[PDB]
Amino acid sequence: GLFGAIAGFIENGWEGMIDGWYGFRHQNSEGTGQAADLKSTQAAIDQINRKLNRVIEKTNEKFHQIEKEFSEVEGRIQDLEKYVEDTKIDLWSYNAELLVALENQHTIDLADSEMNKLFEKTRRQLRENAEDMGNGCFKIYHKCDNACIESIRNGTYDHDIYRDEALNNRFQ
Amino acid sequence: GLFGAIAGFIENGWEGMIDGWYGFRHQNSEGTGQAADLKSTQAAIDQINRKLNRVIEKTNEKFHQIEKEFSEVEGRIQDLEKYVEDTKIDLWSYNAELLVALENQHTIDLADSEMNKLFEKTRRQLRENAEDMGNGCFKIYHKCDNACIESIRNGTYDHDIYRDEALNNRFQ
Amino acid sequence: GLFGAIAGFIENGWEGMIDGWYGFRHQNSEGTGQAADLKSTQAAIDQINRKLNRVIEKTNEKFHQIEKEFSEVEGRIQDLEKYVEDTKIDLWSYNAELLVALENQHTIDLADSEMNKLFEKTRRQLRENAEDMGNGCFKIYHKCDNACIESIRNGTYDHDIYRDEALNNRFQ
Amino acid sequence: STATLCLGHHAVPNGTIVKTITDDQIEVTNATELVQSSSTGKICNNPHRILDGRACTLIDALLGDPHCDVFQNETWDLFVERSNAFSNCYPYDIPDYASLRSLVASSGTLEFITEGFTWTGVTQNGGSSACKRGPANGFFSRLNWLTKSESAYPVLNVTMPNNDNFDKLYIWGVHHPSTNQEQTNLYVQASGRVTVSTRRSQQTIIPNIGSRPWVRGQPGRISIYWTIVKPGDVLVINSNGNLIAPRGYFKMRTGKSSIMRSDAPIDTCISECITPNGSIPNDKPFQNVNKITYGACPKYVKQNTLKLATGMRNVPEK
Amino acid sequence: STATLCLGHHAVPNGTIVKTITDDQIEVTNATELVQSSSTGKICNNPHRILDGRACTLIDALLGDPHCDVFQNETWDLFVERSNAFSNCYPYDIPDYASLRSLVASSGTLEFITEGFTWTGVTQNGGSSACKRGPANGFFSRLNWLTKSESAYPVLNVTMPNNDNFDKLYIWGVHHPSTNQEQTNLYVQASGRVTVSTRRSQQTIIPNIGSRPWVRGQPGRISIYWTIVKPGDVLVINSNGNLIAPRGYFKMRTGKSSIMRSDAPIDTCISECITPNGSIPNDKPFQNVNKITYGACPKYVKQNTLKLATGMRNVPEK
Amino acid sequence: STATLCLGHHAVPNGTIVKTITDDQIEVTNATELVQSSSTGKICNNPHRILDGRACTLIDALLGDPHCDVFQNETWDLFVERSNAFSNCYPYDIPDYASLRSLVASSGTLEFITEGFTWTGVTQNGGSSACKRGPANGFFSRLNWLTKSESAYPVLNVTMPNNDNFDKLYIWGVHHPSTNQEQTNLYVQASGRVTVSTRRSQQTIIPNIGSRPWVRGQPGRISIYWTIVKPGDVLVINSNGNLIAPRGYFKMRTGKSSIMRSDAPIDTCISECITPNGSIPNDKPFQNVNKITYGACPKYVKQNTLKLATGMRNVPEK
Ligand SMILES: *[C@@H]1O[C@H](CO)[C@@H](O[C@@H]2O[C@H](CO)[C@@H](O[C@@H]3O[C@H](CO)[C@@H](O)[C@H](O[C@H]4O[C@H](CO)[C@@H](O)[C@H](O)[C@@H]4O)[C@@H]3O)[C@H](O)[C@H]2NC(C)=O)[C@H](O)[C@H]1NC(C)=O
Ligand SMILES: *[C@@H]1O[C@H](CO)[C@@H](O[C@@H]2O[C@H](CO)[C@@H](O[C@@H]3O[C@H](CO)[C@@H](O)[C@H](O[C@H]4O[C@H](CO)[C@@H](O)[C@H](O)[C@@H]4O)[C@@H]3O)[C@H](O)[C@H]2NC(C)=O)[C@H](O)[C@H]1NC(C)=O
Ligand SMILES: *[C@@H]1O[C@H](CO)[C@@H](O[C@@H]2O[C@H](CO)[C@@H](O[C@@H]3O[C@H](CO)[C@@H](O)[C@H](O[C@H]4O[C@H](CO)[C@@H](O)[C@H](O)[C@@H]4O)[C@@H]3O)[C@H](O)[C@H]2NC(C)=O)[C@H](O)[C@H]1NC(C)=O
Ligand SMILES: CC(=O)N[C@H]1[C@H]([C@H](O)[C@H](O)CO)O[C@@](OC[C@H]2O[C@@H](O)[C@H](O)[C@@H](O)[C@H]2O)(C(=O)O)C[C@@H]1O
Ligand SMILES: CC(=O)N[C@H]1[C@H]([C@H](O)[C@H](O)CO)O[C@@](OC[C@H]2O[C@@H](O)[C@H](O)[C@@H](O)[C@H]2O)(C(=O)O)C[C@@H]1O
Ligand SMILES: *[C@@H]1O[C@H](CO)[C@@H](O[C@@H]2O[C@H](CO)[C@@H](O)[C@H](O)[C@H]2NC(C)=O)[C@H](O)[C@H]1NC(C)=O
Ligand SMILES: *[C@@H]1O[C@H](CO)[C@@H](O[C@@H]2O[C@H](CO)[C@@H](O)[C@H](O)[C@H]2NC(C)=O)[C@H](O)[C@H]1NC(C)=O
Ligand SMILES: *[C@@H]1O[C@H](CO)[C@@H](O)[C@H](O)[C@H]1NC(C)=O
Ligand SMILES: *[C@@H]1O[C@H](CO)[C@@H](O)[C@H](O)[C@H]1NC(C)=O
Ligand SMILES: *[C@@H]1O[C@H](CO)[C@@H](O)[C@H](O)[C@H]1NC(C)=O
Ligand SMILES: *[C@@H]1O[C@H](CO)[C@@H](O)[C@H](O)[C@H]1NC(C)=O
Ligand SMILES: *[C@@H]1O[C@H](CO)[C@@H](O)[C@H](O)[C@H]1NC(C)=O
Ligand SMILES: *[C@@H]1O[C@H](CO)[C@@H](O)[C@H](O)[C@H]1NC(C)=O
Ligand SMILES: *[C@@H]1O[C@H](CO)[C@@H](O)[C@H](O)[C@H]1NC(C)=O
Ligand SMILES: *[C@@H]1O[C@H](CO)[C@@H](O)[C@H](O)[C@H]1NC(C)=O
Ligand SMILES: *[C@@H]1O[C@H](CO)[C@@H](O)[C@H](O)[C@H]1NC(C)=O
């Protein structure tokens, strides 16, 4: 993926996560936990769903056309009828092949981007209280109980409240 | 957008910035201001312009072709003549639909990539003298006057000059 | 490129680099050196090679088809036969034009992304022991001899061993 | 003292392989099929007015082959010709058969309007044992086999104006005797001639005497032709022998009617898209059932499967 | 002590709606139209040599219908046939009209060169009341109606070599009398015959006698045929009745010449692309005007509007 | 005290120019060519069975023009017609020549099976000085020019059954005398006739008399027709004059056989793709050599060079 999050600096996925696409996992004084990020997950899902709908609800009508199977040999005219249909068929087959190729490649990069967005959204929240360990995990340099972590996930985390405590641990 | 800058970690755009696609707004001892980044803006425009020019400076000459409207009923031959045209038409309509769809998606992500590039460019200039507040803003931890702010925008800023002052304010 | 690494925050290229697409160059108490990052380089090469193969090992067979050159003037039927082949030809010429366009645009961003990945992979390794100077170079705030640099390149760098020494230099 | 917060994404037990620009094989957590590749095997009797030929070709129905009289004036959105259909009337031959089958199929109607004959001097309703109509010798319902009357075949010259506001489809023919004796015996003149014209067209056919393989006992044949008379124009049939007269005309309408060759059973259901393999759902963008299709249908493509990714890349865990 | 510098992008009041891969409806600051959907309603008199058929069809112009003699030796990059064009000469039929109208159109020239054929034994320059060239009777300017002379009509046999370095297009025809009395009266022989051949093509037509609807008073029809004689070859016309002789040939050229059916006025302007609805600009990739085009033209597409985004996404402030 | 580590990417002295979505000209470190622009100039001898017509067109080989006798019963995956091929037999003309050339080319076999035809009452093996077979007057090998015998020409009526499981391609024709004297002199009847029918079709053709340009000394000409007889059908040939009799049938087959017009030498190599300009590599997606192809071949497109990027962007180095 272009963003190197998924199948990148984040070793692997979580099969235990079944209620979300992206989420957090901690290990604080109170033990360890796991919660899915609805906001993030929905954003990916909403985009991929639109992507899908631009390709499914659509087909055109064609009634009276040209024959495409023949019981007798005829020559010139028939050759043209077959060439035309065959030419048509390859052009569309090409289009289909290229559509999924492009779409999929973009779908993989998008999901990867959304993961990275969450990581960045988190890093910025934590400010100077945490450090990126390089594996998708942040080392919060201050006692952070379940409540403290929850505020992070729900985005209400107040970095000042812990800055001092944190700065001391970081630079001592 | 893949980069999450525009319509992302930057809450909204400025209708006031009428001199560019990108810029800075600042609040310092001397006041509050707003310049537009030329270098950045010009780079977005040059790319979208080349992107546009590839799509519109091209047409193909076709003189004597087949007929396409008939005054009487004929059968086999005429059916083929219509299928052919109808077939051709659907395939270009598909090409057109796809062309913009692809193009527009890359166009929105490019403008996002350009915004982000200016941000990382800016963050790398400030070094340790400032912090990313997460709303698209850097809290510069020293007294950065209109001259200091100009040195940052035109890219001349020397992090060494305000380093000490900043660290004092940061880790206190 | 969308990532602003190559032909962006990294001024130039290294024509001296002959063993890889990406790599490190240092300066330390012992002197300067240069080494290519195999992991990084191979990742780009492997991707681009797959990208290429999706487009080369493929062609379909067509035997008996329609005539396409004529020695005499005939009219209606021949017109159709020409219109058909001409229509076919433009559609494919367009596909070829768009494929490389798309492919090439995506190939340039991918190579750029892979360069950015290596930078991030390095920044995260160094933690609080270095600072991004803004030109693709990191200023490591601690005596780092050939061995120390090598551990970084092979990814075994232990940031704790130098954290104290570094923190002192950084904030003094 | 310190805490650790890790960001991640999910993965699934068994993922799905998909193709991208840099992989012909890469696994993602979820995907959806874009190629409709299966059929129920039956043709839904509707949105489309469907008509089963059963044993009658659209042509035989048009001509009026006895066992096909049940189709008289039938209409259809889609005519379905069966492979076991057969002809059991008088041996015929149609120059440009394909075209006629096409323009009628497209018209979607067999509405026949009998018009005032005007055959003075000849014997009408000729018939053949090759076209048995019950116990008797019959002939195509819509055609009138003319023969000599009282040792003479007049120089026929009838006119039929098109005073309506729609085009009329006249379908007539000319008969090819098996021998000269038959020729003179049936039409007196040693050489027949049929000329059907309008102010816009004119086609003159000449009979041709000779022996041909027996078909239901007949060595002779009938070549069939047609003429469209536009409003304001008029039809003129001029012949001194061998003419197989029209009995009226067929109304010609334009629409979405068409024809298809298929042995698929016509069940009771609802399916927008019809193929010779049966009906198929049109929720997918592409289909691999058959290139022949009628209605709102996905485009046909060679590929039997195309997966559109619908989830991130699936990365397991050791 | 502190300073605060925020980075941002702009936005605009009335943004623009565009379509993407992940949105069929999303707003950007600016975009440009790619589908030329409009007209001027008129065809520009330049760059292409345009010729208004007016009341004359390219065919009648070729044959030489009296009111079409102004078109003699005319040329055109684009011939323009009008909907109110009429034929004011002798009833004619052309098996394969469409192909003749076509090859002639593509040659884009009506240059006729009169040849010295010598019709010994017959009466020439014959005419009709249905060919009032001026008040008196007449005929197609490029054709020569041949009739008996001094109670006879020779087995005509005339040769005409192609000693030039180019291809000649000869257009001749045969006459179909309304009755036998007419046949024997005009051509003596009871059955006519026309044979035109080269060392490469041979075509022989047989007159067919009958009554056909009156057109400008004539039941009879003339069927028209053509013959291309290549360099180094020779034309041979053999007939003993019913031949409508050639008077020479048409020079055949290759180029970008063509024909179009329209009613669009022809103004004085400059438009590279021409359509039945009039000329239209070619600065946009696509167009929704008419699929019929001539010149450097945007591909026709069903979509009536396609916007190419030319600016970032538009995220206003409230 | 401190160390300095820099990250970077390579670059090349002279790079390669490519086209993107935002640059019709940008430079990369390495690219590969997507369009095959060059041909060897020669046609490989073999994944395909190649047959060089040499001085014979496929037709003349089919008919049996004396010098085309070597191609007797020959087969081919691809027949190669040369620009300098010629005909040295009797002057002929084939209505729908193209279709015959096409169906035989597609069949890819000239296996002529001779049947036992029953021509009672006439003189067989007719010939001319226009088709010398050595010093003597000859005719096409697969044809039988019939003429009068003992002062009469029988009303021929011959039947020939297809009691095989495959289709038979019968190729016959009718002769066009130059004058009436010749007509009666050769066939006795003033007017000839050929009727070749099956239970599925019929083609009743009438001789045409008149003078045509001397070809190899002959005013007259032979028109040529064909007939397919399906397993379970029988061929009936009924003619009282001017018939050019079949001598048997050609066995029809389906495959990948075809025909191409090219002057390109035939060489001993191995190449899947064949163009009139020679054989060419099929390792590239596209080609700009010739739109005419055969075998595993690149889609022809108008562009002569198409570069696929295979390296990052090239940025110099100071
Ligand atoms: C020109 O050649 C054709 C083809 O060879 C030829 O046509 C043949 O004509 C004969 C008779 O004229 C046909 O023979 C009939 O064959 C069918 C079998 O399918 C029988 O039903 C017929 O019945 C006879 O025998 C019955 C005994 O049960 C009797 O009940 C009945 O009364 C008859 O005696 C009869 O045998 C034959 O079908 C065709 N063949 C083809 C290929 O069409 C034609 O005669 C020749 N031209 C001329 C007029 O000389
Ligand atoms: C086969 O049938 C056709 C169709 O009916 C037939 O053609 C018809 O011939 C008659 C003449 O016999 C045509 O009648 C003419 O009608 C037009 C009307 O526009 C008039 O111009 C003609 O005028 C005559 O009568 C006038 C009366 O005052 C005179 O002033 C004038 O001088 C004329 O004498 C004439 O009435 C009729 O138009 C055609 N019908 C069509 C549609 O073709 C044909 O003759 C029949 N075959 C034969 C010859 O038996
Ligand atoms: C209808 O018109 C055609 C075309 O004009 C006409 O055909 C011509 O017939 C004459 C013969 O009657 C052909 O002339 C021959 O030309 C070749 C040229 O290669 C000569 O070799 C022939 O030589 C004969 O005559 C010689 C006298 O000089 C003798 O020495 C010699 O032994 C031969 O007998 C001869 O000159 C002429 O080529 C054709 N023209 C074409 C193009 O066909 C035909 O005669 C006319 N129809 C009728 C029945 O009148
Ligand atoms: C209109 C008419 O005359 N119908 C005849 C029919 C036609 O003459 C025939 O189709 C012309 O091709 O002929 C019918 O007969 C076959 C019958 O003919 C006798 O003459 C003979 O003696 C019998 O052996 C037998 O061949 C027919 O059914 O086609 C009778 C019909 O009345
Ligand atoms: C089957 C047959 O009759 N073969 C003839 C042939 C044909 O009559 C001719 O091809 C018909 O077009 O004619 C041949 O000679 C032509 C020759 O005949 C003379 O008698 C006459 O004096 C010459 O002018 C000339 O017409 C031929 O070789 O074609 C002879 C052959 O036996
Ligand atoms: C449809 O077909 C019927 C035949 O089934 C037509 O009915 C005939 O109408 C004529 C008068 O025009 C009567 O003289 C016949 O007796 C009717 N046929 C019989 C006996 O059923 C009807 O006119 C046709 N009309 C349509 C719907 O096109
Ligand atoms: C759908 O029906 C067709 C018949 O029209 C099936 O038959 C295939 O026909 C093609 C002709 O283009 C042949 O090349 C194949 O050999 C036929 N397939 C087989 C194995 O019978 C076709 O297979 C049917 N497809 C489906 C989805 O059942
Ligand atoms: C965020 O978490 C904190 C601590 O658990 C809680 O008090 C606060 O209400 C949460 N905010 C929301 C609305 O999720
Ligand atoms: C940047 O701004 C400072 C103060 O305005 C000025 O002195 C300096 O020259 C500027 N640098 C450039 C090249 O714009
Ligand atoms: C990394 O470098 C260190 C010091 O030079 C060395 O001891 C170690 O083995 C290296 N690791 C690898 C896998 O190259
Ligand atoms: C895959 O996505 C589709 C729609 O995008 C959804 O209907 C389907 O349930 C998903 N796969 C599963 C079974 O989770
Ligand atoms: C920019 O955006 C608006 C909406 O697409 C558009 O109508 C306008 O034409 C564009 N600007 C121009 C004139 O190119
Ligand atoms: C028609 O043009 C030709 C030149 O191609 C010329 O010889 C002939 O005299 C012209 N006829 C008229 C009507 O000018
Ligand atoms: C253009 O002309 C066609 C007829 O050829 C007409 O039906 C159509 O509505 C016209 N549309 C435009 C672009 O005005
Ligand atoms: C590009 O040049 C390289 C040199 O490293 C070569 O290996 C490669 O084959 C060329 N590109 C391709 C994919 O053909
Ligand atoms: C091909 O011609 C030969 C004589 O050269 C003949 O015996 C053979 O039957 C013909 N081909 C076949 C096998 O049908």
# chains A, B, ... in the order shown; residues from 1 in each chain; ligands from 1
$ residues_near_ligand --ligand "ligand 1" --cutoff "7 Å" --atoms "only C-alpha atoms and all ligand atoms" --output "PyMOL selection string"
(chain D and resi 211-214+217+219) or (chain F and resi 157-159+234+236)
$ interface_residues --of "chain B" --to "chain A" --cutoff "12 Å" --atoms "only C-alpha atoms" --output "count of residues only"
51
$ interface_residues --of "chain C" --to "chain D" --cutoff "10 Å" --atoms "only C-alpha atoms" --output "ChimeraX atom specification"
/C:46-55,103,106-107
$ interface_residues --of "chain D" --to "chain F" --cutoff "10 Å" --atoms "only C-alpha atoms" --output "list in words"
residues 91, 92, 93, 94, 95, 176, 207, 208, 209, 210, 211, 212, 213, 214, 215, 219, 221 and 223 of chain D
$ residues_around --residues "residue D:277" --least-positions-apart "4" --cutoff "8 Å" --atoms "only C-alpha atoms" --output "PyMOL selection string"
chain D and resi 39+41-42+262+264+289-290
$ atom_distance --atom1 "atom CA of residue E:316" --atom2 "atom CA of residue E:2"
29.2 Å
$ residues_near_ligand --ligand "ligand 4" --cutoff "6 Å" --atoms "only C-alpha atoms and all ligand atoms" --output "PyMOL selection string"
chain D and resi 126-129+147+177-178+186+220
$ select_by_dssp --residues "stretch 1-50 of chain F" --states "strand (DSSP E or B)" --output "PyMOL selection string"
chain F and resi 3-10+16-18+26-28+31-33+35-36+43-44+50
$ closest_residue --among "E:296, E:160, E:61, E:113" --to "ligand 3" --atoms "only C-alpha atoms and all ligand atoms"
E:160
$ residues_near_ligand --ligand "ligand 8" --cutoff "6 Å" --atoms "only C-alpha atoms and all ligand atoms" --output "list in words"
residues 147, 148, 150, 151, 154 and 156 of chain A
$ select_by_dssp --residues "chain A" --states "helix (DSSP H, G or I)" --output "JSON, numbers by chain"
{"A": [38, 39, 40, 41, 42, 43, 44, 45, 46, 47, 48, 49, 50, 51, 52, 53, 54, 55, 56, 76, 77, 78, 79, 80, 81, 82, 83, 84, 85, 86, 87, 88, 89, 90, 91, 92, 93, 94, 95, 96, 97, 98, 99, 100, 101, 102, 103, 104, 105, 106, 107, 108, 109, 110, 111, 112, 113, 114, 115, 116, 117, 118, 119, 120, 121, 122, 123, 124, 125, 126, 146, 147, 148, 149, 150, 151, 152, 153, 160, 161, 162, 163, 164, 165, 166, 167, 168, 169, 170]}
$ residues_near_ligand --ligand "ligand 15" --cutoff "10 Å" --atoms "only C-alpha atoms and all ligand atoms" --output "ChimeraX atom specification"
/C:18-21,45,48-53 /F:16,29-33,308-311
$ write_last_selection --atoms "N, CA, C and O atoms" --output "tab-separated table (two decimals), in the first residue's frame"
chain	number	residue	atom	x	y	z
C	18	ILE	N	24.76	2.67	-7.22
C	18	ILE	CA	24.69	1.67	-8.28
C	18	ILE	C	24.16	0.30	-7.84
C	18	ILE	O	23.88	-0.55	-8.68
C	19	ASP	N	24.03	0.09	-6.54
C	19	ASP	CA	23.57	-1.19	-6.03
C	19	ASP	C	22.11	-1.23	-5.61
C	19	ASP	O	21.60	-2.28	-5.23
C	20	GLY	N	21.44	-0.09	-5.68
C	20	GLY	CA	20.04	-0.06	-5.28
C	20	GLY	C	19.34	1.23	-5.66
C	20	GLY	O	19.99	2.20	-6.07
C	21	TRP	N	18.02	1.24	-5.51
C	21	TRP	CA	17.20	2.40	-5.84
C	21	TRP	C	17.17	3.40	-4.70
C	21	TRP	O	16.96	4.59	-4.93
C	45	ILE	N	11.04	-2.70	-6.83
C	45	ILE	CA	11.30	-3.52	-8.00
C	45	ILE	C	10.30	-4.65	-8.12
C	45	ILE	O	9.75	-4.90	-9.19
C	48	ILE	N	6.83	-3.15	-9.23
C	48	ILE	CA	6.88	-2.67	-10.59
C	48	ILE	C	7.00	-3.82	-11.58
C	48	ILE	O	6.48	-3.73	-12.68
C	49	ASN	N	7.68	-4.89	-11.18
C	49	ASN	CA	7.83	-6.04	-12.06
C	49	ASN	C	6.49	-6.77	-12.26
C	49	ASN	O	6.20	-7.24	-13.35
C	50	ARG	N	5.70	-6.85	-11.19
C	50	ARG	CA	4.38	-7.48	-11.25
C	50	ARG	C	3.52	-6.62	-12.14
C	50	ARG	O	2.82	-7.12	-13.02
C	51	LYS	N	3.58	-5.30	-11.91
C	51	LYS	CA	2.83	-4.33	-12.71
C	51	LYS	C	3.12	-4.54	-14.20
C	51	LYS	O	2.21	-4.54	-15.04
C	52	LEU	N	4.39	-4.71	-14.52
C	52	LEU	CA	4.79	-4.90	-15.91
C	52	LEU	C	4.24	-6.21	-16.48
C	52	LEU	O	3.62	-6.22	-17.54
C	53	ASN	N	4.46	-7.31	-15.77
C	53	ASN	CA	3.99	-8.61	-16.23
C	53	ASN	C	2.48	-8.71	-16.49
C	53	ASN	O	2.04	-9.54	-17.28
F	16	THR	N	14.93	8.28	-19.27
F	16	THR	CA	13.96	7.99	-20.33
F	16	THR	C	12.69	8.84	-20.19
F	16	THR	O	12.15	8.94	-19.09
F	29	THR	N	13.90	6.77	-14.74
F	29	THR	CA	15.19	6.08	-14.79
F	29	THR	C	15.23	4.94	-15.82
F	29	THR	O	16.28	4.62	-16.39
F	30	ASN	N	14.08	4.32	-16.07
F	30	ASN	CA	14.01	3.20	-16.98
F	30	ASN	C	12.54	2.94	-17.40
F	30	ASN	O	11.64	3.13	-16.60
F	31	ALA	N	12.34	2.57	-18.65
F	31	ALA	CA	11.02	2.32	-19.23
F	31	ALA	C	11.16	1.18	-20.23
F	31	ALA	O	12.28	0.83	-20.62
F	32	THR	N	10.04	0.59	-20.63
F	32	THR	CA	10.05	-0.52	-21.57
F	32	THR	C	9.04	-0.15	-22.66
F	32	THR	O	8.06	0.55	-22.40
F	33	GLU	N	9.30	-0.62	-23.88
F	33	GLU	CA	8.45	-0.32	-25.03
F	33	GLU	C	7.20	-1.17	-25.15
F	33	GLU	O	7.29	-2.39	-25.26
F	308	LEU	N	6.31	2.30	-21.01
F	308	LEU	CA	5.77	1.95	-19.71
F	308	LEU	C	6.93	2.22	-18.78
F	308	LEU	O	8.04	1.71	-18.99
F	309	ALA	N	6.68	3.02	-17.76
F	309	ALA	CA	7.72	3.34	-16.80
F	309	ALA	C	8.05	2.09	-15.98
F	309	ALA	O	7.16	1.32	-15.62
F	310	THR	N	9.33	1.90	-15.70
F	310	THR	CA	9.78	0.76	-14.92
F	310	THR	C	10.81	1.20	-13.88
F	310	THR	O	11.56	0.39	-13.35
F	311	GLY	N	10.84	2.50	-13.60
F	311	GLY	CA	11.77	3.05	-12.62
F	311	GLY	C	11.23	4.36	-12.09
F	311	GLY	O	10.33	4.94	-12.69
$ residues_near_ligand --ligand "ligand 6" --cutoff "6 Å" --atoms "only C-alpha atoms and all ligand atoms" --output "compact mmCIF listing (two decimals) with C-alpha atoms, in the first residue's frame"
# COMPACT_ATOMS: atom_id res chain seq x y z
CA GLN D 72 -52.33 -15.74 -36.70
CA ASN D 73 -52.07 -12.12 -35.64
CA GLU D 111 -51.56 -8.46 -37.63
CA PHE D 112 -52.86 -9.40 -41.10
CA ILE D 113 -55.43 -7.32 -42.93
CA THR D 114 -57.11 -9.07 -45.84
$ residues_near_ligand --ligand "ligand 16" --cutoff "12 Å" --atoms "only C-alpha atoms and all ligand atoms" --output "number ranges by chain"
F: 62, 64, 69-75, 109-115, 141-142, 168, 247-252
$ closest_atom_pairs --of "chain B" --to "ligand 14" --cutoff "12 Å" --atoms "only C-alpha atoms and all ligand atoms" --output "CSV"
residue,atom,partner,partner_atom_place_in_ligand_line,distance
B:67,CA,ligand 14,5 (O),11.6
B:68,CA,ligand 14,5 (O),9.2
B:69,CA,ligand 14,5 (O),7.7
B:70,CA,ligand 14,5 (O),10.6
B:71,CA,ligand 14,5 (O),11.9
$ write_last_selection --atoms "N, CA and C atoms" --output "PDB file, in the first residue's frame"
ATOM      1  N   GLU B  67     -23.403   5.355 -43.017  1.00  0.00           N
ATOM      2  CA  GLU B  67     -24.612   6.122 -42.778  1.00  0.00           C
ATOM      3  C   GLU B  67     -25.017   5.802 -41.346  1.00  0.00           C
ATOM      4  N   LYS B  68     -26.019   6.504 -40.806  1.00  0.00           N
ATOM      5  CA  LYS B  68     -26.450   6.254 -39.417  1.00  0.00           C
ATOM      6  C   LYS B  68     -27.952   6.478 -39.161  1.00  0.00           C
ATOM      7  N   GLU B  69     -28.641   7.026 -40.154  1.00  0.00           N
ATOM      8  CA  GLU B  69     -30.084   7.246 -40.058  1.00  0.00           C
ATOM      9  C   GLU B  69     -30.667   6.677 -41.327  1.00  0.00           C
ATOM     10  N   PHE B  70     -31.753   5.918 -41.201  1.00  0.00           N
ATOM     11  CA  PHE B  70     -32.376   5.304 -42.367  1.00  0.00           C
ATOM     12  C   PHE B  70     -33.823   5.739 -42.603  1.00  0.00           C
ATOM     13  N   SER B  71     -34.154   5.965 -43.870  1.00  0.00           N
ATOM     14  CA  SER B  71     -35.495   6.378 -44.256  1.00  0.00           C
ATOM     15  C   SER B  71     -36.429   5.171 -44.485  1.00  0.00           C
TER      16      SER B  71
END
$ residues_around --residues "residue F:53" --least-positions-apart "5" --cutoff "9 Å" --atoms "only C-alpha atoms" --output "list in words"
residues 58, 61, 68, 71, 79, 80, 81, 82 and 85 of chain F
$ atom_distance --atom1 "atom CA of residue E:305" --atom2 "atom CA of residue B:57"
17.9 Å
$ atom_distance --atom1 "atom CA of residue C:30" --atom2 "atom CA of residue F:4"
11.5 Å
$ decode --residues "stretch 252-263 of chain E" --atoms "C-alpha atoms" --output "short mmCIF file (atom, residue, chain, number, x, y, z; two decimals), in the first residue's frame"
data_model
loop_
_atom_site.label_atom_id
_atom_site.label_comp_id
_atom_site.auth_asym_id
_atom_site.auth_seq_id
_atom_site.Cartn_x
_atom_site.Cartn_y
_atom_site.Cartn_z
CA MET E 252 -13.04 9.13 -60.07
CA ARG E 253 -10.96 10.63 -57.29
CA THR E 254 -10.01 9.69 -53.75
CA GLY E 255 -10.03 12.08 -50.81
CA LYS E 256 -11.99 13.35 -47.81
CA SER E 257 -15.14 14.09 -49.80
CA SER E 258 -18.45 12.98 -48.39
CA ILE E 259 -22.15 13.67 -48.21
CA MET E 260 -24.51 14.62 -45.39
CA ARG E 261 -28.26 14.98 -44.93
CA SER E 262 -29.24 18.23 -43.20
CA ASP E 263 -31.43 21.35 -43.39
#
